[PDB]
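Visitor: Sharing upload-v8.cif below, mmCIF, C-alpha atoms:
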```cif
data_input
#
loop_
_atom_site.label_atom_id
_atom_site.label_comp_id
_atom_site.auth_asym_id
_atom_site.auth_seq_id
_atom_site.Cartn_x
_atom_site.Cartn_y
_atom_site.Cartn_z
CA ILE A 205 -20.47 68.36 -9.46
CA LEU A 206 -22.69 65.43 -10.44
CA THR A 207 -21.59 61.84 -9.81
CA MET A 208 -22.88 58.85 -11.76
CA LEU A 209 -22.39 55.15 -11.07
CA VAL A 210 -20.80 52.88 -13.68
CA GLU A 211 -21.63 49.17 -13.68
CA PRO A 212 -18.60 46.89 -14.13
CA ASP A 213 -17.87 44.27 -16.79
CA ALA A 214 -18.93 40.62 -17.02
CA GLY A 215 -17.46 37.58 -15.31
CA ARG A 216 -17.40 33.95 -16.34
CA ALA A 217 -18.31 30.64 -14.73
CA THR A 218 -16.15 27.51 -14.82
CA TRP A 219 -16.32 24.01 -16.25
CA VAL A 220 -15.90 21.81 -13.19
CA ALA A 221 -13.97 18.61 -13.76
CA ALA A 222 -15.57 15.24 -13.10
CA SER A 223 -12.91 14.37 -10.51
CA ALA A 224 -13.91 17.27 -8.23
CA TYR A 225 -17.59 16.33 -8.39
CA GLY A 226 -17.91 15.39 -4.73
CA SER A 227 -15.66 18.10 -3.30
CA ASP A 228 -16.26 21.80 -2.69
CA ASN A 229 -14.93 22.76 -6.14
CA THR A 230 -18.21 21.50 -7.61
CA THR A 231 -19.60 24.94 -6.74
CA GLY A 232 -17.15 26.55 -9.16
CA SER A 233 -15.22 29.77 -8.75
CA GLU A 234 -16.29 33.11 -7.29
CA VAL A 235 -17.13 36.14 -9.44
CA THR A 236 -16.50 39.62 -8.04
CA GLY A 237 -17.12 43.15 -9.20
CA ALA A 238 -16.73 46.71 -7.94
CA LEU A 239 -18.86 49.65 -9.02
CA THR A 240 -17.33 52.82 -10.42
CA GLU A 241 -18.23 56.50 -10.58
CA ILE A 242 -17.92 59.27 -13.16
CA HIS A 243 -18.06 63.00 -12.46
CA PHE A 244 -19.24 65.99 -14.47
CA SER A 245 -18.47 69.69 -14.06
CA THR A 246 -18.74 72.97 -15.96
CA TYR A 247 -16.92 76.15 -16.97
CA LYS A 248 -17.90 79.82 -17.06
CA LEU A 249 -17.99 81.82 -20.29
CA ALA A 250 -18.34 85.59 -20.04
CA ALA A 251 -17.93 88.73 -22.13
CA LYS A 252 -18.59 92.43 -21.63
CA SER A 253 -18.89 95.65 -23.60
CA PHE A 254 -19.48 99.29 -22.73
CA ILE A 255 -21.10 102.31 -24.34
CA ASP B 409 -27.24 -12.91 33.83
CA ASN B 410 -23.90 -11.40 34.90
CA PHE B 411 -23.82 -9.15 31.81
CA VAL B 412 -25.81 -6.01 30.99
CA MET B 413 -26.05 -3.58 28.08
CA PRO B 414 -25.96 0.02 29.29
CA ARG B 415 -27.33 2.36 26.64
CA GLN B 416 -27.94 6.11 26.53
CA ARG B 417 -29.48 6.75 23.11
CA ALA B 418 -30.76 4.38 20.44
CA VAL B 419 -29.79 4.22 16.77
CA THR B 420 -30.79 7.61 15.35
CA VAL B 421 -30.35 8.99 11.85
CA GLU B 422 -29.76 12.57 10.74
CA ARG B 423 -29.57 14.11 7.27
CA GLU B 424 -27.76 17.33 6.38
CA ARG B 425 -27.74 19.41 3.21
CA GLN B 426 -24.26 20.59 2.20
CA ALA B 427 -24.79 23.15 -0.56
CA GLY B 428 -21.04 23.77 -0.67
CA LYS B 429 -20.77 20.30 -2.22
CA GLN B 430 -24.44 19.52 -3.08
CA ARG B 431 -23.90 16.26 -1.20
CA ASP B 432 -26.52 15.17 1.33
CA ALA B 433 -24.69 13.75 4.32
CA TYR B 434 -26.36 11.12 6.49
CA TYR B 435 -25.39 10.54 10.12
CA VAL B 436 -26.26 7.52 12.27
CA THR B 437 -25.13 7.47 15.90
CA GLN B 438 -25.76 5.54 19.10
CA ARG B 439 -24.27 5.13 22.56
CA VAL B 440 -23.96 1.64 24.08
CA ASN B 441 -21.57 -0.54 26.09
CA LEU B 442 -21.20 -4.07 27.46
CA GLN B 443 -20.63 -4.37 31.20
CA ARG B 444 -20.68 -7.05 33.88
CA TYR B 445 -21.58 -6.83 37.55
CA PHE B 446 -18.59 -8.82 38.83
CA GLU B 447 -15.22 -10.04 37.59
CA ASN B 448 -16.30 -13.56 36.60
CA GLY B 449 -18.70 -15.55 34.48
CA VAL B 450 -16.76 -16.16 31.25
CA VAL B 451 -14.32 -18.83 30.04
CA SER B 452 -12.55 -19.12 26.69
CA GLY B 453 -10.76 -22.09 25.15
CA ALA B 454 -7.79 -21.38 22.92
CA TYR B 455 -5.57 -23.23 20.47
CA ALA B 456 -2.26 -24.64 21.62
CA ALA B 457 0.76 -22.39 21.21
#
```
What is this file in structure tokens?

Guide:
Amino acid sequence: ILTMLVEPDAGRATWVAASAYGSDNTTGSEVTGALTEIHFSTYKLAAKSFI
Amino acid sequence: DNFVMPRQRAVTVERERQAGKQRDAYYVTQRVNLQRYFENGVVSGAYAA
């Protein structure tokens, strides 16, 4: 089996209001993201014949 | 002469960077007091009741 990493989607920042200028909200919100994996595999194909 | 001014530290400033708010706090502190040797040496006049 082979495993491959998949990068996640995009986030988005925030428009901070003027009222919260001096507070901690001026930093905006937090953007998170978790990686993902995909797997590959195979199958066996066989045939036989006699003489 | 009966009064003194005990003092530990002078007027000192301190600046701090608060990235969580992008505000730059400023702090000024000092430690002082007003004390007398004995329990006398002051008189106050006051208005009538």

Visitor: Once the PyMOL selection byres ((chain B and resi 432-438) around 12) is applied to the coordinates I shared, what remains selected? I want it as a list in words.

Guide: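 With the PyMOL selection byres ((chain B and resi 432-438) around 12) on this model, the match is residues 226 of chain A; 414, 415, 416, 417, 418, 419, 420, 421, 422, 423, 424, 425, 426, 427, 428, 429, 430, 431, 439, 440 and 441 of chain B.
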
Visitor: Go through chain A and flag each residue having an atom no more than 10 Å from chain B; for those, report the closest pair of atoms plus their distance in Å to one decimal, using all atoms listed in the file, ordered by chain and rising number, as a Markdown table.

Guide:
```
| residue | atom | partner | partner_atom | distance |
| --- | --- | --- | --- | --- |
| A:224 | CA | B:429 | CA | 9.6 |
| A:225 | CA | B:429 | CA | 8.0 |
| A:226 | CA | B:429 | CA | 6.2 |
| A:227 | CA | B:429 | CA | 5.7 |
| A:228 | CA | B:429 | CA | 4.8 |
| A:229 | CA | B:429 | CA | 7.5 |
| A:230 | CA | B:429 | CA | 6.1 |
| A:231 | CA | B:428 | CA | 6.3 |
| A:232 | CA | B:428 | CA | 9.7 |
```

Visitor: The selected residues should be written to file as an mmCIF file, keeping the file's coordinate frame (atoms: C-alpha atoms).

Guide:
```cif
data_model
loop_
_atom_site.group_PDB
_atom_site.id
_atom_site.type_symbol
_atom_site.label_atom_id
_atom_site.label_comp_id
_atom_site.auth_asym_id
_atom_site.auth_seq_id
_atom_site.Cartn_x
_atom_site.Cartn_y
_atom_site.Cartn_z
ATOM 1 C CA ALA A 224 -13.910 17.270 -8.230
ATOM 2 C CA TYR A 225 -17.590 16.330 -8.390
ATOM 3 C CA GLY A 226 -17.910 15.390 -4.730
ATOM 4 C CA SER A 227 -15.660 18.100 -3.300
ATOM 5 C CA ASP A 228 -16.260 21.800 -2.690
ATOM 6 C CA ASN A 229 -14.930 22.760 -6.140
ATOM 7 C CA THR A 230 -18.210 21.500 -7.610
ATOM 8 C CA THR A 231 -19.600 24.940 -6.740
ATOM 9 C CA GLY A 232 -17.150 26.550 -9.160
#
```

Visitor: Between atom CA of residue A:237 and atom CA of residue A:213, measure the distance and give it in Å to one decimal.

Guide: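 According to the coordinates, atom CA of residue A:237 and atom CA of residue A:213 are separated by 7.7 Å.
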
Visitor: Atom CA of residue A:222 to atom CA of residue A:234: how many Å, to one decimal?

Guide: 18.8 Å

Visitor: Enter the distance from atom CA of residue B:442 to atom CA of residue B:456, in Å, rounded to one decimal.

Guide: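 Calculated distance between atom CA of residue B:442 and atom CA of residue B:456 is 28.6 Å.
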
Visitor: Can you report as lines of an AutoDock Vina configuration file the centre and edge lengths in Å, to one decimal, of an axis-aligned box around the listed atoms of stretch 414-423 of chain B padded with 3 Å on each side?

Guide:
```
center_x = -28.4
center_y = 7.1
center_z = 18.3
size_x = 10.8
size_y = 20.1
size_z = 28.0
```

Visitor: Report as a PDB file with C-alpha atoms, in the coordinates of the input the full result of the PyMOL selection byres ((chain A and resi 205) around 10) when it is applied to this structure.

Guide:
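For reference, result_3.pdb as written:
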```
ATOM      1  CA  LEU A 206     -22.690  65.430 -10.440  1.00  0.00           C
ATOM      2  CA  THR A 207     -21.590  61.840  -9.810  1.00  0.00           C
ATOM      3  CA  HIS A 243     -18.060  63.000 -12.460  1.00  0.00           C
ATOM      4  CA  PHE A 244     -19.240  65.990 -14.470  1.00  0.00           C
ATOM      5  CA  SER A 245     -18.470  69.690 -14.060  1.00  0.00           C
ATOM      6  CA  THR A 246     -18.740  72.970 -15.960  1.00  0.00           C
TER       7      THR A 246
END
```

Visitor: Would you kindly return, as number ranges by chain, each protein, DNA or RNA residue with an atom no farther than 6 Å from any atom of residue B:444, considering only C-alpha atoms and excluding same-chain residues fewer than 5 positions away?

Guide: B: 410-412

Visitor: Quick one: of A:254, A:221, A:241, A:236, who's nearest to residue A:208, counting all atoms listed in the file?

Guide: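 For residue A:208, the nearest of the candidates is A:241.
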
Visitor: Once the PyMOL selection byres ((chain A and resi 212) around 7) is applied to the coordinates I shared, what remains selected? I want it as a PyMOL selection string.

Guide: chain A and resi 210-211+213-214+237-239
